[PDB]
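>
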Amino acid sequence: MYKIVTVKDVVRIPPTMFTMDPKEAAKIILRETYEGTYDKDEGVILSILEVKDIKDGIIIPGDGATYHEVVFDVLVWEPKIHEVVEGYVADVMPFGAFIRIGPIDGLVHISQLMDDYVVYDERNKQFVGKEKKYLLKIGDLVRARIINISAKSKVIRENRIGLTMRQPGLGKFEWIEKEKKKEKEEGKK
Amino acid sequence: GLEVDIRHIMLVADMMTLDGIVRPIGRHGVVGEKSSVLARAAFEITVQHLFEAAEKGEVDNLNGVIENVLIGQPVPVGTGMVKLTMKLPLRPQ
Numbered sequence: 001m002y003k004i005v006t007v008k009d010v011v012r013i014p015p016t017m018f019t020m021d022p023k024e025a026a027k028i029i030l031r032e033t034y035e036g037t038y039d040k041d042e043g044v045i046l047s048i049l050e051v052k053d054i055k056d057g058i059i060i061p062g063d064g065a066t067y068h069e070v071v072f073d074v075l076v077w078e079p080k081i082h083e084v085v086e087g088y089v090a091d092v093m094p095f096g097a098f099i100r101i102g103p104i105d106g107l108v109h110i111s112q113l114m115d116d117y118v119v120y121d122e123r124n125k126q127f128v129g130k131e132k133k134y135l136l137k138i139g140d141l142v143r144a145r146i147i148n149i150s151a152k153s154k155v156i157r158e159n160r161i162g163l164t165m166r167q168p169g170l171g172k173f174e175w176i177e178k179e180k181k182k183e184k185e186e187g188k189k
Numbered sequence: 299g300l301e302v303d304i305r306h307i308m309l310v311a312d313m314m315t316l317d318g319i320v321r322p323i324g325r326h327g328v329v330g331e332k333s334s335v336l337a338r339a340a341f342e343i344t345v346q347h348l349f350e351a352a353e354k355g356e357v358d359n360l361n362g363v364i365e366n367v368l369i370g371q372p373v374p375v376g377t378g379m380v381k382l383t384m385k386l387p388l389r390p391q
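If you read the protein sequences in the order shown, they are chains E and C.
Numbered per the authors' numbering, the first sequence spans residues 1 to 189.
Numbered per the authors' numbering, the second sequence spans residues 299 to 391.
#1: Report the rounded CA-to-CA distance for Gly87/E versus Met114/E, giving the unit in angstroms.
#2: For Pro22/E, would you say it is in contact with chain C, using Cβ-to-Cβ distances shorter than 8 Å as the test?
#3: In the DSSP output, what is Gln126/E paired with across the bridge?
#4: Just checking: is the beta-carbon of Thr66/E within a distance shorter than 8 Å of some beta-carbon in chain C?
#5: Between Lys152/E and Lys385/C, what straight-line distance do the alpha-carbon atoms span, to the nearest angstrom?
#6: What is the residue span of the beta strand (DSSP E) that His68/E lies within?
#7: How about the stretch 29-46 of chain E and the stretch 136-146 of chain E: do they share at least three Cβ pairs that are nearer than 8 Å?
#8: Select from the stretch 31-65 of chain E all residues with a C-beta closer than 9 Å to any C-beta belonging to chain C, and list them in chain order.
#9: Please compile the residues from chain C whose C-beta is within a distance smaller than 7 Å of the C-beta of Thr19/E.
#10: How about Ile13/E: is its C-beta nearer than 8 Å to some C-beta of chain C?
#11: Sort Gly187/E, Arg123/E, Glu186/E and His82/E by Cα distance to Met165/E and report the nearest one.
#12: List the whole-angstrom C-beta distance separating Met313/C from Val335/C, where the pair is believed to meet the contact cut-off of C-beta under 8 Å.
#13: When the distance is taken between beta carbons, is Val92/E closer than 8 Å to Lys130/E?
#14: CA-CA distance, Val155/E and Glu78/E?
#15: From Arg157/E, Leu135/E, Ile161/E and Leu136/E, pick the residue whose C-alpha is nearest to that of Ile147/E; which is it?
#16: So the candidates are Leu75/E, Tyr120/E and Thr19/E; which of them puts its Cα closest to the Cα of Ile45/E?
#17: Apart from the five residues on each side of it in sequence, which residues of its chain come closer than 6 Å, Cβ to Cβ, to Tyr38/E?
#18: Which residues of the stretch 332-364 of chain C have a Cβ closer than 7 Å to any Cβ of chain E? Give them in chain order.
#19: Which whole-angstrom value describes the C-beta separation of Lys27/E and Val7/E, a residue pair presumed to lie in contact below a C-beta threshold of 8 Å?
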């Protein structure tokens with residue numbers, strides 16, 4: 001889930017951008033370096049916001065480009081294990097369903113879709129419960145729980161995320177309403 | 299009849315008498331008291347110095363000239379001690 005992180009960092013500013021002010025040059029270098037990458041501890045680097053303080057450059061032998069201590073805010077989205085997720089199903093597959101949780105997509109296994117048995121109907125390439133007569137189709141809006149996060153590399157595409165859907169308080173909003181109706185009925189009896 | 303400046307002689311003598319005793323300039327003296335492992339191993343006895351350094355687990359902080367040459371990093375002498383700083387916005391006249 002989205003958050004703002006203030007990070008201190010050293011920026012290698014090449015001689016070709018010596019003309020512009022240090023703030024914009026540091027902003028650009030951080031856009032090229034951090035933006036669009038996955039970090040193991042904070043999530044997905046989405047957008048560099050702004051730089052507050054930039055230090056004077058240090059010339060080190062070998063390159064001639066200036067190195068500056070910088071302070072900046074990065075808008076980063078962090079998935080957290082065992083939390084709640086609001087999203088829509090981007091697509092479905094026989095092994096699992098893809099749930100849009102933000103910058104990256106999550107996977108809901110068919111064994112975690114329903115307590116009831118499910119079958120992958122190929123007529124519309126959609127899921128359908130055996131006895132509940134419920135169904136999932138592309139574009140449906142559902143609520144699920146994140147249960148597993150895996151991070152291979154800094155590429156956001158490769159890292160995968162798996163969710164759960166059977167547990168109480170989750171499901172399609174219509175099913176949530178039906179469960180609320182059942183709760184009201186059992187409270188009234 | 300050879301003319302050498304007194305200051306060089308003073309430097310050599312002061313380095314020779316820096317430990318409170320007069321000690322040689324060779325492998326059993328000033329060189330043998332160098333802290334850097336690689337600097338000592340480069341001079342004369344090499345396998346003995348490396349084996350004894352591995353025995354005691356000595357660390358080479360790379361504060362000298364010889365080892366920085368061996369690894370291929372700037373030596374801390376002459377232009378190697380100059381730290382440079384620069385204000386970024388440059389405006390040609």
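Note that CB positions come from ideal geometry on N, CA and C, so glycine has one too.
Per the coordinate set shown:
#1: By one-based count along the first sequence, residue 87/E stands at place 87. By one-based count along the first sequence, residue 114/E stands at place 114. One C-alpha to the other measures close to 17 Å.
#2: Stepping through the first sequence from its first residue, residue 22/E is reached at position 22. At least one chain C Cβ lies under 8 Å of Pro22/E.
#3: Indexing the first sequence from 1 puts residue 126/E at position 126. Partner(s): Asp121/E.
#4: Taking the first residue of the first sequence as position 1, residue 66/E is located at position 66. Yes, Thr66/E lies at the interface with chain C (some Cβ there is under 8 Å from its Cβ).
#5: By one-based count along the first sequence, residue 152/E stands at place 152. By one-based count along the second sequence, residue 385/C stands at place 87. Distance between the alpha carbons of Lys152/E and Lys385/C: 40 Å.
#6: Your numbering for residue 68/E matches position 68 in the first sequence. Where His68/E is concerned, the enclosing beta strand (DSSP E) stretches over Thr66 to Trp77.
#7: no
#8: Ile54, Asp56, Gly57, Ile58, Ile59, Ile60, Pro61 and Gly62
#9: Counting from one through the first sequence, the residue named residue 19/E turns up at place 19. Here the neighbours are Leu388.
#10: Here residue 13/E is taken as the residue at index 13 of the first sequence, counted from 1. Judged by the 8 Å Cβ criterion, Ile13/E is in contact with chain C.
#11: Stepping through the first sequence from its first residue, residue 165/E is reached at position 165. It is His82/E whose Cα lies nearest to the Cα of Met165/E.
#12: The count along the second sequence starts at 1 and reaches residue 313/C at position 15. The count along the second sequence starts at 1 and reaches residue 335/C at position 37. Actually they do not touch by this definition, with Cβ atoms about 20 Å apart.
#13: Within the first sequence, residue 130/E is the residue found at index 130, counting from 1. Within the first sequence, residue 92/E is the residue found at index 92, counting from 1. Not closer than 8 Å, so no.
#14: Residue mapping note: residue 155/E aligns to position 155 of the first sequence, counting from 1. Residue mapping note: residue 78/E aligns to position 78 of the first sequence, counting from 1. Roughly 15 Å separates the two Cα atoms.
#15: Taking the first residue of the first sequence as position 1, residue 147/E is located at position 147. Nearest option by C-alpha distance: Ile161/E.
#16: As a first step, residue 45/E is located in the first sequence; it is residue number 45 there, counting from the start. For the residues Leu75/E, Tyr120/E and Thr19/E, the minimum Cα distance to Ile45/E belongs to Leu75/E.
#17: Against the first sequence, residue 38/E aligns to sequence position 38. Closer than 6 Å at Cβ, skipping near neighbours: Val44, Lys154, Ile156 and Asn159.
#18: none
#19: The count along the first sequence starts at 1 and reaches residue 27/E at position 27. The count along the first sequence starts at 1 and reaches residue 7/E at position 7. Not really, about 13 Å apart at Cβ, beyond 8 Å.
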